[PDB]
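These protein sequences, in sequence, are chains L, D, Z and C.
Quick note: the first sequence uses the numbering used here, first residue 6, plus one each step.
Quick note: the second sequence uses the numbering used here, first residue 6, plus one each step.
Quick note: the third sequence uses the numbering used here, first residue 18, plus one each step.
Quick note: the fourth sequence uses the numbering used here, first residue 18, plus one each step.
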Amino acid sequence: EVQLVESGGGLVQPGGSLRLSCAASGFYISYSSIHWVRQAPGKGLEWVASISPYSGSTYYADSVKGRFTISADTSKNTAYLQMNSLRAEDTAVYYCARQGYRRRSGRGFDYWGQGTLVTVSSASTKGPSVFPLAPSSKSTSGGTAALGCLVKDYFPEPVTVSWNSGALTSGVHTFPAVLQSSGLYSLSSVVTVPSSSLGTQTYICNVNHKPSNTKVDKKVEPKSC
Amino acid sequence: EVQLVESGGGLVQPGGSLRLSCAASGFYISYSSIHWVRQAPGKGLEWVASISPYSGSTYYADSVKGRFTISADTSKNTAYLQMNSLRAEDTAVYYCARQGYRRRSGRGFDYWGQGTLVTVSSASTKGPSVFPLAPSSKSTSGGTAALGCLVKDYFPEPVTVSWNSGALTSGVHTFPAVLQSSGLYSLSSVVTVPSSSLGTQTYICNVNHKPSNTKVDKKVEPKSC
Amino acid sequence: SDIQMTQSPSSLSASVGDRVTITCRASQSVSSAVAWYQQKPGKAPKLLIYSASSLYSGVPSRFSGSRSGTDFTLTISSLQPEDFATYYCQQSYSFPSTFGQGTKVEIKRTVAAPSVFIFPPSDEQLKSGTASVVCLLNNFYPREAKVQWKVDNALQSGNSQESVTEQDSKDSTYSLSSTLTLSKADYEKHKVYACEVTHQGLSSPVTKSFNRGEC
Amino acid sequence: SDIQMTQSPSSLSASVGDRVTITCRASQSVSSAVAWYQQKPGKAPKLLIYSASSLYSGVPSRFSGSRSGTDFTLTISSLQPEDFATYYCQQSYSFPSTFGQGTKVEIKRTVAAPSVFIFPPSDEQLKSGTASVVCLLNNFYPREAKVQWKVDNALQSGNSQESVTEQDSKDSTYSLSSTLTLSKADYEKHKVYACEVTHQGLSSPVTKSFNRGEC
RNA sequence: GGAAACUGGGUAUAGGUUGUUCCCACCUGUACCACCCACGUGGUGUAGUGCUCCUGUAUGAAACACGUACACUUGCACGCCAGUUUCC
RNA sequence: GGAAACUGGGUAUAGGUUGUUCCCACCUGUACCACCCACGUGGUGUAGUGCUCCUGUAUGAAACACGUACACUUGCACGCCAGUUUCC
Numbered sequence: 006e007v008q009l010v011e012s013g014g015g016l017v018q019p020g021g022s023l024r025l026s027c028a029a030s031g032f033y034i035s036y037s038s039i040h041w042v043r044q045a046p047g048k049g050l051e052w053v054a055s056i057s058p059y060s061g062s063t064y065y066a067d068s069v070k071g072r073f074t075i076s077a078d079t080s081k082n083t084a085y086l087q088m089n090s091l092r093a094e095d096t097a098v099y100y101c102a103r104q105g106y107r108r109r110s111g112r113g114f115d116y117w118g119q120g121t122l123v124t125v126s127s128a129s130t131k132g133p134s135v136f137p138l139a140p141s142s143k144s145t146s147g148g149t150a151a152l153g154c155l156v157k158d159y160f161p162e163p164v165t166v167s168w169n170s171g172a173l174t175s176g177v178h179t180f181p182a183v184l185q186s187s188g189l190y191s192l193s194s195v196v197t198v199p200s201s202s203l204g205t206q207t208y209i210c211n212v213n214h215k216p217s218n219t220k221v222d223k224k225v226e227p228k229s230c
Numbered sequence: 006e007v008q009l010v011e012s013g014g015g016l017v018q019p020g021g022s023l024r025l026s027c028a029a030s031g032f033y034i035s036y037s038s039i040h041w042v043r044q045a046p047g048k049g050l051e052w053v054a055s056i057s058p059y060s061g062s063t064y065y066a067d068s069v070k071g072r073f074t075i076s077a078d079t080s081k082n083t084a085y086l087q088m089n090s091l092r093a094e095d096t097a098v099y100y101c102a103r104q105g106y107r108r109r110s111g112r113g114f115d116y117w118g119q120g121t122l123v124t125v126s127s128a129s130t131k132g133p134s135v136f137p138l139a140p141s142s143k144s145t146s147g148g149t150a151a152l153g154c155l156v157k158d159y160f161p162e163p164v165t166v167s168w169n170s171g172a173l174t175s176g177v178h179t180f181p182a183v184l185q186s187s188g189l190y191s192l193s194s195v196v197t198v199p200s201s202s203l204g205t206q207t208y209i210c211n212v213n214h215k216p217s218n219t220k221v222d223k224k225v226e227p228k229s230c
Numbered sequence: 018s019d020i021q022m023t024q025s026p027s028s029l030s031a032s033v034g035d036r037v038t039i040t041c042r043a044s045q046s047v048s049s050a051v052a053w054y055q056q057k058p059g060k061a062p063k064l065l066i067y068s069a070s071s072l073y074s075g076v077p078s079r080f081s082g083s084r085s086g087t088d089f090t091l092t093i094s095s096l097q098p099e100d101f102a103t104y105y106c107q108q109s110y111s112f113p114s115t116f117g118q119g120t121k122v123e124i125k126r127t128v129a130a131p132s133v134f135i136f137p138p139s140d141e142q143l144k145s146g147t148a149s150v151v152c153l154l155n156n157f158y159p160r161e162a163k164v165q166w167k168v169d170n171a172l173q174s175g176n177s178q179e180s181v182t183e184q185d186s187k188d189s190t191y192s193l194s195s196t197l198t199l200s201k202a203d204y205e206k207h208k209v210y211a212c213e214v215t216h217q218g219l220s221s222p223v224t225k226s227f228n229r230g231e232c
Numbered sequence: 018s019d020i021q022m023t024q025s026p027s028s029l030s031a032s033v034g035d036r037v038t039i040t041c042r043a044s045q046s047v048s049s050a051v052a053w054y055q056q057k058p059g060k061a062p063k064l065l066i067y068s069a070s071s072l073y074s075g076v077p078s079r080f081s082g083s084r085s086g087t088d089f090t091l092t093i094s095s096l097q098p099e100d101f102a103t104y105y106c107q108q109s110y111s112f113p114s115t116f117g118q119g120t121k122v123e124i125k126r127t128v129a130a131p132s133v134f135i136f137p138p139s140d141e142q143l144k145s146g147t148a149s150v151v152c153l154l155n156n157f158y159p160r161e162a163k164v165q166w167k168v169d170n171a172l173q174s175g176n177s178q179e180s181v182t183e184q185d186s187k188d189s190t191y192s193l194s195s196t197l198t199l200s201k202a203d204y205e206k207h208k209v210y211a212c213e214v215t216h217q218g219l220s221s222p223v224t225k226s227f228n229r230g231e232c
């Protein structure tokens with residue numbers, strides 16, 4: 006019922022600008038403080054900015070002052086983060102969070118959006134190629150075999166891997182992406198299955214890389230002859 | 006807005022019985038636990054009994070086991086405490102208290118009635134006799150004098166003392182009553198006044214003992230022996 | 018076995034702007050179902066803290082509570098004149114509920130000697146056949162006083178009672194009345210009726226007295 | 018100027034039923050305006066405690082927070098496996114708001130051997146002129162493993178990268194991939210590609226291998 | 001390679017043993033050795049489904065009770081896998 | 001009995017007046033010592049009232065701003081207690 010949805014993130018050249026939006030439902034933003042909080046990949050939460058109800062007062066973290074501008078459109082139930090003069094340091098996931106009701110949860114942030122990734126880089130967007138990680142050539146274990154998809158050479162993050170259009174979930178491991186020396190990311194997704202399920206089950210991994218609108222389905226099988 | 010009002014209090018013979026009632030306003034009792042808590046003159050709070058919402062479960066202090074019965078009539082928004090086999094030990098002011106809403110104040114009792122006095126005693130209602138504490142013919146202490154009224158041999162509590170129909174308040178002390186071996190209460194009320202006002206001012210104390218509708222006014226003068 | 022809440026101290030003296038902390042120990046575990054209440058004389062209790070550390074709505078932020086195991090403390094970070102009262106903890110972890118014995122918070126002040134007044138029985142009461150001798154100690158501090166009656170130099174036991182006022186809101190003093198009660202028959206057997214007052218404001222005990230019939 | 022929240026330990030491990038306590042010390046006073054949050058990897062944070070010691074609705078009571086001066090502790094009295102997360106304190110007493118660095122908590126559990134699979138480069142990728150050889154280590158504990166690539170028994174250096182899943186919040190196992198990258202030319206100079214895994218669940222190292230071109 | 005029927009933790013060992021050549025399976029006993037309970041003279045493929053049973057957690061104006069949601073644990077059935085036997 | 005005017009923390013001490021009695025209703029200087037401030041070369045009977053001024057507190061969907069309620073501290077006026085002085 007109450008929720009927040011950030012949008013507007015993406016990949017930007019250094020010195021560029023971007024406008025994040027936070028669309029509220031199940032409540033009215035004018036009766037709450039609204040905060041922006043960011044998280045650089047692999048680091049903690051960093052508070053960025055906030056705007057107060059009834060007066061519009063806004064407060065800014067030290068490291069984004071004069072470049073970021075928080076504001077709120079109470080007639081669209083949306084908050085905004087105008088980010089200008091984007092610098093390399095500003096790569097993070099950006100959350101908007103609602104400060105709860107004073108009487109009910111003090112100053113805690115009681116609902117958070119799922120966040121939108123902002124990537125500052127002069128590097129160029131690139132879609133992945135998907136390669137089969139074929140099940141065991143010698144049928145390694147007479148128990149459960151593994152197979153997977155190698156999702157290689159993409160930028161920026163992120164990329165989603167699913168199996169059988171979501172109908173296979175148990176035993177899936179999608180690994181964290183790894184940055185290769187080439188500047189491109191690469192990950193694989195793997196799953197274990199009964200060895201007898203081969204030939205009697207089709208396994209298709211669905212790779213979706215939204216930063217380049219790449220959708221690839223790869224059917225994965227044991228190799229032939 | 007929200008309040009509770011106990012009634013039904015009074016004087017009860019030892020071994021007697023009494024039904025206190027607690028009338029709610031500003032909220033409906035069927036959604037709250039209701040508690041009875043009592044306080045003997047000059048002592049702490051003692052939890053007595055409670056009733057649960059939606060289940061009607063009842064709980065009792067061990068010191069009232071088998072003698073008290075808590076209950077609730079939600080079509081009057083009123084709670085009841087049936088007391089049987091009353092002993093002098095059960096003389097106290099009796100409060101009913103609402104356990105507040107779980108999400109808002111945990112298990113705290115968030116509203117309380119003003120409480121109704123219950124007096125268990127085989128003594129009989131009797132208005133006081135009032136005697137003057139005459140300022141010394143020679144020397145009570147010195148400087149400015151003291152005078153007063155001894156409000157002796159009354160039952161039950163309480164008693165109201167005022168001086169010159171309320172127009173003299175500064176320097177007045179009305180002492181807490183003391184229960185005598187006869188079972189009647191006795192208290193004194195005193196005033197300190199300029200020594201020079203004694204020849205020019207008459208001081209009269211107003212005693213009102215409501216349980217017997219007795220009003221006694223007593224003029225206090227220096228003695229002439 | 019009922020959970021006992023042991024509260025300490027049972028009284029403390031402090032001045033405005035001071036930080037007081039009242040402790041309260043659960044005999045057995047109560048987790049966090051502890052409340053604190055403020056009560057002033059003649060009035061119902063008021064909820065202050067719930068769930069051991071949560072500030073009840075409408076209550077000033079200078080009140081707080083904390084939990085450490087089975088120890089619960091109420092803290093008033095800066096005493097305001099309206100905070101002199103009695104305070105109670107309460108466990109509601111399981112029935113029967115239990116209250117602490119209470120802690121009375123009083124105004125500290127400079128020592129003030131009692132002023133002793135003695136009052137002979139009135140003619141009207143002597144008509145009734147009973148005689149009451151009243152001794153007054155007025156506007157002193159601290160509360161501790163000891164008053165023993167001597168009637169022709171015999172210390173009296175078990176036939177007089179004391180009563181003490183609440184602390185005065187303006188000057189923070191106590192007053193105390195002591196009443197000695199004899200049958201008029203027994204009264205007429207002695208001549209010198211005395212009230213002897215020892216108080217720490219008095220560098221030696223004060224005696225006020227009178228002679229029966231000579232005023 | 019800015020209020021600093023210092024959190025310790027920055028990481029910790031304990032097993033189910035243990036009592037974990039995370040501390041966080043605010044440089045200069047924040048009174049009681051501290052919140053604790055649980056963030057599971059890849060997810061938004063969820064509020065746990067507000068006003069330093071109040072339990073947010075819906076949060077299990079095995080979580081609690083306490084304050085003593087400028088020190089704040091989040092306590093989990095009885096660790097459940099789903100409590101693997103990162104936990105952050107936060108002061109909201111004055112702007113700018115401040116977070117602590119976080120405490121990453123992972124579950125201790127009984128040693129579990131990895132099951133090793135090896136995967137040769139696909140024909141499609143070799144079209145492009147590059148070969149990726151993947152070694153999979155599945156569902157093991159503890160986290161430390163060592164994976165060595167041998168190409169005809171020549172221990173390989175500097176041409177592979179690892180990745181490890183987040184700790185399974187259910188059974189607390191890890192999985193790990195090692196990816197070896199060669200030019201198609203360099204790949205085709207050799208036949209025997211082997212992955213050798215040492216882990217303490219293993220009484221001696223496991224090797225999985227294949228021969229290039231052998232089906 | 002199809003279709004049926006039977007069986008279900010290892011490990012070791014005495015073994016036994018498609019009645020036939022040691023013995024693959026089958027098949028147990030025994031000692032073990034684990035995992036899991038609600039802890040016995042106990043149970044034993046399993047991240048599917050329904051039901052059942054054991055609790056915990058959260059919440060519904062809600063301390064118990066009652067609802068809902070979520071987890072947890074008994075067991076059963078069906079599915080699935082692993083064999084096995086059988087026939088095509 | 002009117003009517004009026006004036007004065008106000010102790011404590012010491014030096015004066016003034018007052019009848020004369022050596023202290024008085026007092027009052028001025030000074031020292032000492034308190035209570036109170038917003039803290040000075042400052043202020044001083046006072047649980048009342050109004051205005052004011054200083055902050056704080058609680059609360060309004062509320063960290064600031066804004067509203068409201070409640071307290072607090074100036075200063076003033078009236079009332080009140082304590083006195084004098086005066087006049088009918």
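C-beta atoms are modelled at their ideal positions from N, C-alpha and C, and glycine is treated no differently.
Suppose the cutoff is 6 angstroms on Cβ atoms and the five residues either side in sequence are ignored; what does the same chain contact list for residue i look like?
i      : result
Z/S30  : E123, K125
C/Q173 : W166
Please report whether the beta-carbon of residue i lies at a distance below 8 angstroms from any beta-carbon of chain L.
i      : result
C/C232 : yes
C/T224 : no
C/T23  : no
C/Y204 : no
Given a threshold of 16 other Cβ atoms within 10 Å of its Cβ, counted over all protein chains shown, does residue i qualify as buried or as exposed?
i      : result
C/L197 : buried
D/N218 : exposed
D/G204 : exposed
C/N155 : buried
Z/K163 : exposed
L/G171 : exposed
In chain order, what residues of the same chain lie with their CB nearer than 7 angstroms to the CB of residue i, ignoring the 5 residues before and after it?
i     : result
D/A29 : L9, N82, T83
If we define contact as Cβ-Cβ less than 8 angstroms, is residue i a contact residue for chain C?
i     : result
Z/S70 : yes
Just checking: is the beta-carbon of residue i within a distance shorter than 8 angstroms of some beta-carbon in chain D?
i      : result
Z/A211 : no
Keeping to the same chain, check which residues put their C-beta closer than 8 angstroms to that of residue i; ignore five residues upstream and five downstream.
i      : result
Z/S200 : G146, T147, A148
Check whether the Cβ of residue i lies closer than 8 angstroms to any Cβ atom in chain Z.
i      : result
C/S74  : no
C/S49  : yes
D/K220 : no
* To do: Count the C-beta pairs between the stretch 74 to 84 of chain Z and the stretch 10 to 28 of chain D that are closer than 8 angstroms, then say yes if the count reaches three, no if not.
  => no
* Contact set between the stretch 68 to 98 of chain D and chain Z, restricted to residues whose Cβ is under 8 angstroms from the partner -> none
* Asked: Would you call the stretch 134 to 150 of chain C and the stretch 128 to 142 of chain L touching, i.e. three or more CB-CB distances under 8 angstroms?
  -> Between the stretch 134 to 150 of chain C and the stretch 128 to 142 of chain L there are three or more inter-stretch CB-CB distances shorter than 8 angstroms, so the stretches are counted as touching.
* What are the residues of the stretch 79 to 94 of chain C that lie near chain Z, defined by any Cβ-Cβ distance shorter than 8 angstroms? -> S81, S83, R84, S85
* **Selection of the stretch 149 to 163 of chain C by Cβ proximity to chain L, strictly under 7 angstroms** => Hits within the stretch, in order: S149, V151, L153, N155.
* Asked: What residues from the stretch 49 to 69 of chain L come within 8 angstroms of chain C, judged by C-beta to C-beta, listed N to C?
  -> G49, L50, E51, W52, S55, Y64, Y65, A66, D67
* **Contact the stretch 209 to 227 of chain L vs the stretch 64 to 71 of chain D: 3+ CB pairs below 8 angstroms** => no
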